Amino acid sequence: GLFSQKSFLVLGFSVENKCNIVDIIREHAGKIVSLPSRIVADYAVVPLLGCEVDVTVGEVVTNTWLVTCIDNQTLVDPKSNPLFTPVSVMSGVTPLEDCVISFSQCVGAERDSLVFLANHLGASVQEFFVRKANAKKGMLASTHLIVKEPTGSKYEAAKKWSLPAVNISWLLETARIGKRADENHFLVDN
Amino acid sequence: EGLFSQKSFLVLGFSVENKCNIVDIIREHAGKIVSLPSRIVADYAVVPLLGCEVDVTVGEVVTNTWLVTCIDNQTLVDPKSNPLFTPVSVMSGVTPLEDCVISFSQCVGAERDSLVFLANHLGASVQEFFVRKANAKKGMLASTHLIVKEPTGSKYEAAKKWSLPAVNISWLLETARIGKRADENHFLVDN
Amino acid sequence: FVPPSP
């Protein structure tokens, strides 16, 4: 099994989400530690923004890391993506309420967590990266493009329309400070 | 810090199993549980959707739907921002929607669970898909009502095409409160 | 307006 010889704790989820996460782990040979225990679990699966963890574990990881491992049939390093460990977000603030964000080169559970962060920070997320606003199509004008690497259809339009194309770390730095981070510090060309 | 950090809770009116699940859920998000008797005015009292008798002074009476919605969205949502977050008044002993087949759209998570609960509590039959004809190959029935929040959407555009009433959530709540099937024209989504 | 990637 994928998670064979691995023990897990599942914390911070509702009753229904916990069962889905529990069954997913067991279907891949994973072991579930029932608290309280003397077993130091290898992993503690927590929500993206984290939760209270009062038991010593090997690594605290998110549901996004878990689902990414299953989609790729590979035990992915939790340290290879900031979304695989709890994301620090300043609560009570919506610093991106003035933004209209479109994503590119983001697929799967990584995209869903990113869309979760953008909406949690007040932003409006659109599948389209448009020039100007078109009310007749339900589309608003775009303000930011979040891409991983240069090149691509949306990226070439961002340089052409003078709209900021930034890394994912701009979204994460915004979430940590509670203020809209400077796009010039997170441009993709640099 | 934690979601329910610096917040105290009371859990009332639930069965043995549901209370244990609610308490652990609260503690996993840095919430505190007040042990009674206490002179502390707890911030919240978590009660069932249809409510129960609450004899201890608290700041706000909230439902399990509000609690799970905060956790599913990882955000402390205002209890006054949705009628399902505080106890919903429902007239008991009546099934005014027993002849109805309700399908939901744009409702997710604990909100949709509560809405399906109310419709079944009023005698209605709830199905996942929005179907025109009663089918034996799948085991479904014909649809009579669609409950949507806003216009647009796959199910909504089909509701106007099939001359089926697309109504608000308030149509379901008003029906449950009065005990009579409410007029759908007063709760259309286009209006 | 750039369409979404397939």
# chains A, B, ... in the order shown; residues from 1 in each chain; ligands from 1
call {"tool": "closest_atom_pairs", "arguments": {"of": "stretch 18-124 of chain A", "to": "stretch 28-48 of chain B", "cutoff": "10 Å", "atoms": "only C-alpha atoms", "output": "Markdown table"}}
result
| residue | atom | partner | partner_atom | distance |
| --- | --- | --- | --- | --- |
| A:46 | CA | B:28 | CA | 9.9 |
| A:50 | CA | B:29 | CA | 8.7 |
| A:51 | CA | B:29 | CA | 5.4 |
| A:52 | CA | B:28 | CA | 5.1 |
| A:53 | CA | B:28 | CA | 7.3 |
| A:54 | CA | B:28 | CA | 8.9 |
call {"tool": "closest_atom_pairs", "arguments": {"of": "chain A", "to": "chain B", "cutoff": "10 Å", "atoms": "only C-alpha atoms", "output": "JSON lines"}}
result
{"residue": "A:11", "atom": "CA", "partner": "B:28", "partner_atom": "CA", "distance": 6.8}
{"residue": "A:12", "atom": "CA", "partner": "B:28", "partner_atom": "CA", "distance": 5.4}
{"residue": "A:13", "atom": "CA", "partner": "B:71", "partner_atom": "CA", "distance": 6.9}
{"residue": "A:14", "atom": "CA", "partner": "B:68", "partner_atom": "CA", "distance": 6.4}
{"residue": "A:15", "atom": "CA", "partner": "B:21", "partner_atom": "CA", "distance": 7.3}
{"residue": "A:16", "atom": "CA", "partner": "B:109", "partner_atom": "CA", "distance": 9.5}
{"residue": "A:17", "atom": "CA", "partner": "B:72", "partner_atom": "CA", "distance": 8.7}
{"residue": "A:46", "atom": "CA", "partner": "B:28", "partner_atom": "CA", "distance": 9.9}
{"residue": "A:47", "atom": "CA", "partner": "B:74", "partner_atom": "CA", "distance": 8.0}
{"residue": "A:48", "atom": "CA", "partner": "B:74", "partner_atom": "CA", "distance": 8.5}
{"residue": "A:49", "atom": "CA", "partner": "B:74", "partner_atom": "CA", "distance": 7.0}
{"residue": "A:50", "atom": "CA", "partner": "B:2", "partner_atom": "CA", "distance": 8.4}
{"residue": "A:51", "atom": "CA", "partner": "B:29", "partner_atom": "CA", "distance": 5.4}
{"residue": "A:52", "atom": "CA", "partner": "B:28", "partner_atom": "CA", "distance": 5.1}
{"residue": "A:53", "atom": "CA", "partner": "B:28", "partner_atom": "CA", "distance": 7.3}
{"residue": "A:54", "atom": "CA", "partner": "B:28", "partner_atom": "CA", "distance": 8.9}
{"residue": "A:88", "atom": "CA", "partner": "B:1", "partner_atom": "CA", "distance": 8.9}
{"residue": "A:89", "atom": "CA", "partner": "B:1", "partner_atom": "CA", "distance": 8.9}
{"residue": "A:90", "atom": "CA", "partner": "B:1", "partner_atom": "CA", "distance": 8.2}
{"residue": "A:91", "atom": "CA", "partner": "B:1", "partner_atom": "CA", "distance": 7.9}
{"residue": "A:92", "atom": "CA", "partner": "B:76", "partner_atom": "CA", "distance": 8.4}
{"residue": "A:116", "atom": "CA", "partner": "B:73", "partner_atom": "CA", "distance": 8.7}
{"residue": "A:120", "atom": "CA", "partner": "B:75", "partner_atom": "CA", "distance": 8.1}
{"residue": "A:138", "atom": "CA", "partner": "B:152", "partner_atom": "CA", "distance": 9.8}
call {"tool": "write_last_selection", "arguments": {"atoms": "N, CA, C and O atoms", "output": "tab-separated table (two decimals), in the first residue's frame"}}
result
chain	number	residue	atom	x	y	z
A	11	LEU	N	-7.07	15.41	12.48
A	11	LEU	CA	-7.52	16.41	13.44
A	11	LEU	C	-8.10	17.62	12.73
A	11	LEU	O	-7.67	17.99	11.63
A	12	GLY	N	-9.08	18.24	13.39
A	12	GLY	CA	-9.59	19.53	12.98
A	12	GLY	C	-10.68	19.51	11.94
A	12	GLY	O	-11.08	20.59	11.47
A	13	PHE	N	-11.17	18.34	11.55
A	13	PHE	CA	-12.20	18.24	10.52
A	13	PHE	C	-13.56	17.94	11.14
A	13	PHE	O	-13.67	17.54	12.30
A	14	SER	N	-14.61	18.15	10.34
A	14	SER	CA	-15.94	17.76	10.76
A	14	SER	C	-16.09	16.25	10.70
A	14	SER	O	-15.23	15.53	10.18
A	15	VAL	N	-17.23	15.76	11.20
A	15	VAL	CA	-17.47	14.32	11.26
A	15	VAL	C	-17.43	13.70	9.87
A	15	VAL	O	-16.84	12.63	9.67
A	16	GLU	N	-18.07	14.35	8.88
A	16	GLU	CA	-18.10	13.77	7.54
A	16	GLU	C	-16.72	13.81	6.88
A	16	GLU	O	-16.29	12.82	6.27
A	17	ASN	N	-16.02	14.94	6.97
A	17	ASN	CA	-14.71	15.05	6.34
A	17	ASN	C	-13.71	14.10	6.98
A	17	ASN	O	-12.84	13.55	6.30
A	46	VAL	N	-4.16	17.81	9.10
A	46	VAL	CA	-4.94	18.92	9.65
A	46	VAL	C	-5.48	19.78	8.50
A	46	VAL	O	-5.05	19.63	7.36
A	47	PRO	N	-6.46	20.66	8.75
A	47	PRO	CA	-6.93	21.55	7.67
A	47	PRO	C	-5.82	22.49	7.19
A	47	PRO	O	-4.80	22.69	7.85
A	48	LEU	N	-6.08	23.12	6.05
A	48	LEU	CA	-5.07	23.97	5.42
A	48	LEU	C	-4.59	25.07	6.35
A	48	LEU	O	-3.38	25.34	6.43
A	49	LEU	N	-5.51	25.72	7.08
A	49	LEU	CA	-5.08	26.74	8.03
A	49	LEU	C	-4.68	26.15	9.38
A	49	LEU	O	-4.35	26.92	10.29
A	50	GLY	N	-4.69	24.83	9.52
A	50	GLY	CA	-4.23	24.20	10.74
A	50	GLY	C	-5.29	24.10	11.82
A	50	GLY	O	-6.44	24.54	11.68
A	51	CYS	N	-4.89	23.49	12.92
A	51	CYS	CA	-5.74	23.33	14.08
A	51	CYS	C	-4.85	23.09	15.29
A	51	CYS	O	-3.62	23.14	15.21
A	52	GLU	N	-5.48	22.87	16.43
A	52	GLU	CA	-4.76	22.62	17.67
A	52	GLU	C	-4.21	21.20	17.64
A	52	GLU	O	-4.97	20.24	17.43
A	53	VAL	N	-2.90	21.05	17.81
A	53	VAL	CA	-2.25	19.75	17.88
A	53	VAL	C	-1.50	19.71	19.20
A	53	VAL	O	-0.46	20.36	19.36
A	54	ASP	N	-2.00	18.91	20.15
A	54	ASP	CA	-1.42	18.84	21.48
A	54	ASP	C	-0.62	17.56	21.71
A	54	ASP	O	-0.13	17.35	22.82
A	88	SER	N	-0.02	29.87	7.66
A	88	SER	CA	-0.30	30.92	8.63
A	88	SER	C	-1.05	32.05	7.94
A	88	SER	O	-0.59	32.59	6.93
A	89	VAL	N	-2.23	32.38	8.46
A	89	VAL	CA	-3.11	33.40	7.91
A	89	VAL	C	-3.58	34.30	9.04
A	89	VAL	O	-4.11	33.81	10.04
A	90	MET	N	-3.39	35.60	8.88
A	90	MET	CA	-3.87	36.54	9.89
A	90	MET	C	-5.40	36.58	9.84
A	90	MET	O	-5.99	36.89	8.81
A	91	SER	N	-6.04	36.26	10.96
A	91	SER	CA	-7.49	36.15	10.97
A	91	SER	C	-8.14	37.53	11.07
A	91	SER	O	-7.53	38.51	11.52
A	92	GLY	N	-9.40	37.59	10.63
A	92	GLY	CA	-10.20	38.80	10.76
A	92	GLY	C	-9.98	39.83	9.68
A	92	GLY	O	-10.64	40.88	9.72
A	116	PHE	N	-9.18	28.36	-2.34
A	116	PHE	CA	-9.68	28.54	-0.99
A	116	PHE	C	-9.03	29.75	-0.32
A	116	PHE	O	-9.71	30.59	0.27
A	120	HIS	N	-10.83	33.15	0.84
A	120	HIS	CA	-10.75	33.42	2.27
A	120	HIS	C	-10.17	34.80	2.56
A	120	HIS	O	-10.46	35.38	3.61
A	138	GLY	N	-21.02	37.93	-17.29
A	138	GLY	CA	-20.77	37.63	-15.89
A	138	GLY	C	-19.33	37.74	-15.47
A	138	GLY	O	-19.00	37.34	-14.34
call {"tool": "interface_residues", "arguments": {"of": "chain C", "to": "chain A", "cutoff": "7 Å", "atoms": "only C-alpha atoms", "output": "ChimeraX atom specification"}}
result
/C:1-4
call {"tool": "write_last_selection", "arguments": {"atoms": "N, CA and C atoms", "output": "short mmCIF file (atom, residue, chain, number, x, y, z; two decimals), in the first residue's frame"}}
result
data_model
loop_
_atom_site.label_atom_id
_atom_site.label_comp_id
_atom_site.auth_asym_id
_atom_site.auth_seq_id
_atom_site.Cartn_x
_atom_site.Cartn_y
_atom_site.Cartn_z
N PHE C 1 -9.55 38.65 -23.64
CA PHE C 1 -9.78 37.68 -22.57
C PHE C 1 -9.20 36.31 -22.94
N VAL C 2 -8.23 35.86 -22.16
CA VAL C 2 -7.58 34.57 -22.42
C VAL C 2 -8.48 33.45 -21.88
N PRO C 3 -8.80 32.45 -22.69
CA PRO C 3 -9.61 31.33 -22.20
C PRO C 3 -8.83 30.49 -21.20
N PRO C 4 -9.52 29.67 -20.39
CA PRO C 4 -8.81 28.81 -19.43
C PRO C 4 -8.10 27.64 -20.11
#
call {"tool": "residues_around", "arguments": {"residues": "stretch 157-174 of chain B", "least_positions_apart": "5", "cutoff": "9 Å", "atoms": "only C-alpha atoms", "output": "PyMOL selection string"}}
result
chain B and resi 83+88-90+115+118-119+130+132+143-152+179-190
call {"tool": "atom_distance", "arguments": {"atom1": "atom CA of residue A:45", "atom2": "atom CA of residue A:57"}}
result
10.4 Å
call {"tool": "residues_around", "arguments": {"residues": "residue A:58", "least_positions_apart": "2", "cutoff": "9 Å", "atoms": "only C-alpha atoms", "output": "VMD selection string"}}
result
chain A and resid 40 to 44 56 60
call {"tool": "atom_distance", "arguments": {"atom1": "atom CA of residue B:65", "atom2": "atom CA of residue A:125"}}
result
25.9 Å
call {"tool": "residues_around", "arguments": {"residues": "residue A:78", "least_positions_apart": "3", "cutoff": "12 Å", "atoms": "only C-alpha atoms", "output": "PyMOL selection string"}}
result
chain A and resi 43-45+58-69+74-75+81-86
call {"tool": "atom_distance", "arguments": {"atom1": "atom CA of residue B:124", "atom2": "atom CA of residue B:85"}}
result
22.2 Å
